[PDB]
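Colleague: Chains as they are written, first to last, in the authors' numbering: chain Z, 302 to 398; chain E, 107 to 155; chain P, 253 to 350; chain S, 204 to 252; chain U, 107 to 155; chain B, 107 to 398; chain R, 156 to 301; chain G, 58 to 106; chain X, 58 to 106; chain A, 58 to 106. Every residue, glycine too, gets a C-beta built ideally from N, C-alpha and C.
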Ligand SMILES: Nc1ncnc2c1ncn2[C@@H]1O[C@H](COP(=O)(O)OP(=O)(O)OP(=O)(O)O)[C@@H](O)[C@H]1O
Ligand SMILES: Nc1ncnc2c1ncn2[C@@H]1O[C@H](COP(=O)(O)OP(=O)(O)OP(=O)(O)O)[C@@H](O)[C@H]1O
Ligand SMILES: [Mg+2]
Ligand SMILES: [Mg+2]
Ligand SMILES: [Mg+2]
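Following this line, the structure appears as structure tokens:
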């Protein structure tokens with residue numbers, strides 16, 4: 302009844318990076334946003350996670366009364382989104398590595 | 107279509123109704139659209155196919 | 253599945269997900285959602301893209317309790333031996349309604 | 204007014220409670236009235252611990 | 107009964123025409139009596155009290 | 107007949123032939139008697155005494171002292187034949203058999219409808235001896251809410267009209283009310299009221315002796331060569347219903363066509379049972395290798 | 156099961172047996188219950204009546220019945236003929252209790268259907284071929300063969 | 058009179074008085090005669106008129 | 058008694074044009090007009106009018 | 058023209074035969090004309106009128 306069954310899971314390593322370019326482009330210049338660095342921090346997050354991070358980078362911009370997004374705003378916004386979402390556990394096994 | 111008070115056929119109306127909020131919204135434009143074509147790239151290739 | 257108080261309560265949740273954003277634009281909402289606990293909430297509501305900022309509301313701090321007190325005291329007519337600091341020490345671990 | 208005990212309870216309840224309220228109300232309107240309540244075993248059971 | 111011209115109660119008719127019971131089974135002044143009970147002799151007397 | 111412009115009663119009188127229900131009897135007796143039905147056999151006695159007898163004579167039952175049934179419900183697993191038994195009642199009463207569905211009594215507007223319920227019982231009374239069979243009921247034996255609004259009110263009105271009527275034309279036989287239900291766990295009182303009924307006949311899935319009689323009657327119309335052991339087959343098909351026993355006949359015969367036989371054989375029944383039995387619960391394998 | 160007694164009643168008569176009254180098709184979804192039904196339709200050549208078992212049950216009570224009564228009557232006139240009812244799980248689904256003006260309507264339309272099949276009322280040569288998505292979601296009347 | 062507009066109904070019942078009981082699709086039943094050249098012999102219940 | 062009947066309905070919506078929409082117990086919706094002593098200040102949640 | 062009584066309709070669709078299909082709240086659907094004060098910009102499926 303379909304035939305073309307598509308699983309759309311969490312964005313890949315390269316996949317998240319691409320999403321950041323499109324959004325960072327709308328929000329002007331940033332000569333210090335390393336998209337790749339953003340991925341490393343965000344390892345395994347949906348397409349709408351990446352967009353909320355983008356909203357809040359704009360908000361940290363205007364709380365410092367900046368007219369453009371720089372690396373520090375993205376750091377603050379990634380820090381907020383990922384903390385809430387849903388934090389890294391700290392039991393890895395005492396019988397495993 | 108039928109006559110005001112004598113009722114008698116005067117016209118024909120299209121065969122098939124009713125397009126209200128069942129398909130008249132043919133929206134495919136921005137800002138939810140192909141703003142992101144940079145997925146998640148592989149799945150997109152499959153829909154295009 | 254196969255319930256009626258915890259299957260059909262979901263088929264009206266599914267209409268909502270889905271007129272807020274979805275194929276259905278935008279508008280000027282910005283839906284302010286409010287819930288007591290998120291332990292009986294679907295993860296679809298919880299994730300962002302709609303509900304971008306997930307704002308916890310804590311229990312008011314020491315200074316926090318004082319501010320609350322005076323809001324309530326302002327409407328009352330008070331004595332000048334009233335010391336909030338001591339009262340906020342005792343009432344540690346309390347919400348604003350208390 | 205006879206209420207049977209097979210009209211008591213469902214596996215999620217309200218209709219069982221409603222017909223009890225109804226005959227009590229009706230009994231109130233129609234007094235002298237005798238509300239027969241057979242058979243306590245499906246709305247009365249010891250409290251499983 | 108309301109006047110069909112302009113509606114106004116013009117004849118008060120008897121209530122519900124004629125009253126209806128529910129809460130089945132309903133037995134007003136049951137066909138079973140206290141002389142219809144035998145063997146359960148001292149139990150007749152206890153429920154009368 | 108009313109004047110729709112003077113508002114005086116013009117004419118009166120139910121004339122009632124009455125087309126709307128006329129086609130519903132007589133059935134000129136079905137082709138299915140108690141002879142054409144297998145053994146039960148004690149519950150056969152139960153229907154004849156419950157149904158046929160008070161119908162010719164509330165007098166003999168009165169003389170005795172007893173009260174005839176309020177209504178009779180037939181109950182059992184489907185394929186015992188409940189409406190099959192009803193065809194049997196129809197054959198020995200030698201009479202009326204009112205055919206209408208309980209699906210047509212519940213209708214979406216009003217005094218179609220209500221009138222229809224009263225019509226079915228007026229009709230019985232004049233055409234009598236009768237014998238109203240309606241038909242496998244679950245829906246006149248629904249539950250009320252007060253109210254979920256379109257369904258309920260209709261079902262609640264027709265339920266009171268139904269039960270009141272049967273009580274009141276049978277303290278004593280005059281019209282026998284017969285019916286059936288397939289499942290009786292799915293329902294909330296209506297017919298499971300004991301003030302409205304009192305004879306519930308359990309129609310059982312057939313006895314060891316019952317199966318043999320069913321098999322027998324089925325081969326009667328069919329053609330066979332004598333080698334068929336009817337008693338043996340009945341042993342295998344314990345836990346089945348009577349209808350299955352027909353299917354096995356019919357299926358044995360379809361096998362016979364495939365073998366090029368126009369009579370049925372013992373080989374054909376063993377094969378037909380084997381089809382049905384097998385589909386339940388496993389029959390071949392194994393011999394090893396290790397079980398040898 | 157079907158093409159043989161339509162085209163040729165004779166073999167069944169010679170032995171003294173009766174043809175089928177229907178055929179039940181089930182299995183897992185995608186096994187070709189409906190594809191096979193469009194297939195058989197070319198080969199019956201006997202008036203293939205297509206109704207869909209989900210067009211039944213309305214807000215109206217009794218209106219569902221009306222529809223079953225009408226297809227079986229049409230089939231008698233056309234007979235031999237195929238009534239293929241696509242879903243036995245929407246007018247033939249399994250109960251628990253009456254609930255109330257939805258679930259209950261299912262057994263109301265099902266009560267109409269029994270009745271006509273060959274409960275009291277002559278079939279001609281129909282031959283209701285049913286089909287269902289799941290294996291079990293059937294009433295005991297329909298599960299029982301006959 | 059046979060000119061439009063005409064309302065469709067069906068015959069419900071035949072009665073002993075030259076008249077046929079007619080249930081129109083709108084609602085209400087009427088007790089009315091046939092015509093001269095339309096008989097109650099021709100008419101039948103379920104006969105659309 | 059000769060004074061007229063008054064059709065009950067419940068206010069379907071409030072429009073800002075001096076009209077008010079009232080769903081009539083007849084079935085239809087009709088759009089109706091205020092007086093000079095029923096104002097919007099006399100309209101509340103669940104207004105039977 | 059504009060003064061009461063007024064009737065609720067809902068544009069079910071717009072027809073190009075120079076009529077508009079309106080669902081009356083009353084019942085009957087009707088195909089009807091428009092004037093210069095009405096725009097086709099205004100008109101969409103499901104527009105209250
Ligand atoms: N005891 C029997 N003798 C002859 N035929 C029988 C017997 N038992 C079952 N059958 C056959 O099986 C069919 C009868 O079962 P059927 O499923 O029609 O009816 P029912 O018990 O009234 O059920 P339902 O609950 O489906 O309304 C008939 O074709 C009938 O000939
Ligand atoms: N044996 C077959 N060989 C080839 N393809 C088949 C076969 N049977 C079915 N199909 C294919 O599977 C498709 C889908 O299944 P089909 O349409 O036969 O539905 P169904 O089993 O009645 O399902 P549903 O449960 O969705 O109602 C067909 O359109 C056809 O492509
Ligand atoms: Mg979505
Ligand atoms: Mg039956
Ligand atoms: Mg299918």
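Can you list every residue whose CB sits closer than 6 Å to some heavy atom of ligand 5, going in chain order?
Modeller: Answer in sequence order: R:188, R:189.
Colleague: Under 8 Å by Cβ, that's how I've got residue 196 of chain B and residue 237 of chain B pegged, so tell me the actual separation to the nearest angstrom.
Modeller: 7 Å
Colleague: Which one or two residues does DSSP pair with residue 70 of chain X in a beta bridge?
Modeller: X:78
Colleague: Give the straight-line distance between the Cα atoms of residue 230 of chain R and residue 281 of chain R, rounded to the nearest whole angstrom.
Modeller: 7 Å
Colleague: Helix, strand or coil, according to DSSP, for residue 252 of chain B in the structure here?
Modeller: DSSP places residue 252 of chain B in coil when its eight states are reduced to three.
Colleague: For ligand 1, I want to know if residue 186 of chain B counts as a neighbour, meaning its beta carbon is within less than 8 Å of at least one of the ligand's heavy atoms.
Modeller: yes
Colleague: Report the residue from B:365, B:133, B:162, B:179 whose alpha carbon sits nearest the alpha carbon of residue 153 of chain B.
Modeller: Nearest C-alpha to residue 153 of chain B: B:179.
Colleague: So, does the CB of residue 213 of chain B fall closer than 9 Å to a CB anywhere in chain R?
Modeller: yes
Colleague: Only counting the same chain, and skipping five residues up and downstream in sequence, which positions put a Cβ closer than 6 Å to that of residue 213 of chain B?
Modeller: Around residue 213 of chain B: 219.
Colleague: Taking residue 223 of chain B as the reference, give the member of B:232, B:216, B:211, B:215 with the closest Cα.
Modeller: B:211
Colleague: Per DSSP, residue 115 of chain E forms a beta bridge with which residues?
Modeller: E:108
Colleague: Would you say the segment 310-328 of chain B touches the segment 145-162 of chain B, given that touching needs at least three Cβ pairs under 8 Å?
Modeller: yes
Colleague: Tell me whether residue 307 of chain R counts as near ligand 2, meaning its Cβ is closer than 8 Å to at least one heavy atom of that ligand.
Modeller: This structure does not reach residue 307 of chain R, given that chain R is present from 156 up to 301, and the question cannot be answered.
Colleague: Verify the CB distance criterion: does residue 113 of chain U have a CB-CB separation below 9 Å to chain X?
Modeller: Residue 113 of chain U counts as touching chain X.
Colleague: What does a CB cutoff of less than 7 Å around residue 296 of chain R pick up in its chain, not counting 5 residues either side in sequence?
Modeller: 269
Colleague: What would DSSP say about residue 90 of chain X, mapped onto helix, strand or coil?
Modeller: strand
Colleague: For residue 347 of chain Z, which residues of its own chain have a beta-carbon under 8 Å away from its beta-carbon, when the five flanking residues on both sides are left out?
Modeller: 311, 312
Colleague: Would residue 175 of chain R be called buried (16 or more neighbouring beta carbons within 10 Å of its own) or exposed?
Modeller: Residue 175 of chain R sits buried, since 16 or more C-beta atoms from the chains shown fall within 10 Å of its C-beta.
Colleague: Applying the 10 Å Cβ sphere with the 16-neighbour rule, what's the burial state of residue 333 of chain Z?
Modeller: Looking at its Cβ environment, which holds fewer than 16 other Cβ atoms inside 10 Å, residue 333 of chain Z is exposed.
Colleague: Tell me whether residue 142 of chain B counts as near ligand 1, meaning its Cβ is closer than 8 Å to at least one heavy atom of that ligand.
Modeller: yes
Colleague: Would you kindly report the start and end of the unbroken beta strand (DSSP E) that includes residue 239 of chain R?
Modeller: Residues 237-240.
Colleague: For residue 64 of chain A, collect the residues of the same chain with a Cβ closer than 8 Å to its Cβ; drop the 5 residues on either side in sequence, then sort them by chain order.
Modeller: Listed in chain order, the non-local C-beta contacts of residue 64 of chain A below 8 Å within the same chain comprise 81, 82, 83, local neighbours out to five positions each way being set aside.
Colleague: Out of R:265, R:262, R:271, R:249, point me to the one whose CA is closest to residue 294 of chain R's CA.
Modeller: R:249
Colleague: Give a yes or no on whether the minimum CB-CB distance between residue 86 of chain X and chain A is below 9 Å.
Modeller: Cβ-Cβ to chain A under 9 Å: yes for residue 86 of chain X.
Colleague: Looking at residue 244 of chain B and ligand 4, is the gap between the Cβ and the nearest heavy atom below 8 Å?
Modeller: no
Colleague: So, with DSSP's three-state summary, where would you put residue 315 of chain Z?
Modeller: helix
Colleague: Considering just the uninterrupted stretch of the beta strand (DSSP E) at residue 338 of chain B, what are its terminal residues?
Modeller: Unbroken run through residue 338 of chain B is the alpha helix (DSSP H), 336-342; no beta strand (DSSP E).
Colleague: Would you say residue 109 of chain E faces chain A, with C-beta separation under 9 Å as the test?
Modeller: Chain A contact via Cβ: absent.
Colleague: Compare the beta carbon distance of residue 168 of chain R and residue 284 of chain R with 9 Å and say whether it is the shorter of the two.
Modeller: no
Colleague: Could you pull the DSSP bridge partners for residue 205 of chain S from this structure?
Modeller: S:239
Colleague: Figure out for me which residue from A:60, A:77, A:87, A:76 has the closest Cα to the Cα of residue 74 of chain X.
Modeller: A:60
Colleague: Under 6 Å Cβ to Cβ from residue 339 of chain P, same chain only, skipping five residues before and after it: list those, please.
Modeller: Within the same chain, no Cβ atom closer than 6 Å to the Cβ of residue 339 of chain P is found once the five residues on either side in sequence are excluded.
Colleague: Use the C-beta contact count for residue 113 of chain B: other C-beta atoms within 10 angstroms, 16 or more gives buried, fewer gives exposed.
Modeller: exposed
Colleague: For chain P, check one thing: does any of its Cβ atoms lie closer than 9 Å to the Cβ of residue 345 of chain Z?
Modeller: Contact of residue 345 of chain Z with chain P is not assigned, every C-beta pair being separated by 9 Å or more.
Colleague: Note down, in chain order, all residues in the segment 286-313 of chain B with a beta-carbon under 7 Å from any beta-carbon belonging to chain U.
Modeller: From the segment 286-313 of chain B, only 299, 301 have a Cβ closer than 7 Å to chain U.
Colleague: Of all the beta strand (DSSP E) runs that stay within the bounds of the segment 118-193 of chain B, which reach a length of 3 or more residues?
Modeller: 178-181
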